[PDB]
């Protein structure tokens, strides 16, 4: 289920984070244009840039912290606050997050594995709603 999925992801976090972020960028090419250093790069080119590995790992670590702290796929209000607050996220609407989760759920459904895709969909929906409550437009 959802808690096991967190362990599955954590066990090979950089690999999952990279493949899921690539799925996002590839499904939603306009979102790539917000990452200047990743424009004009193939999947294998990104996987060799240090900030790409590092940044994906740090994003997914935080995502997994938020997932682990959630109750029944509902994140903590305080976690939503952090995500709205972060300087890094001053550009963003909740649409950006919705898209990430669509890509994540699709990746999970396509993978060989017994991810609880439905729970990740609900978690994403609940995170988006918590981001609105914490003030993201």
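Residue numbers count along the first chain shown, from 1.
As the entry records it, the average C-alpha temperature factor is higher for 79-87, out of 32-40 and 79-87. The question of which stretch, 42-50 or 91-99, has the higher mean Cα B factor is settled in favour of 91-99. In this entry, the residue among 117, 113, 126, 18 with the greatest C-alpha B factor is 113.
Annotation for residue 136: C-alpha temperature factor in the highest third relative to the rest of the modelled chain, per the entry.
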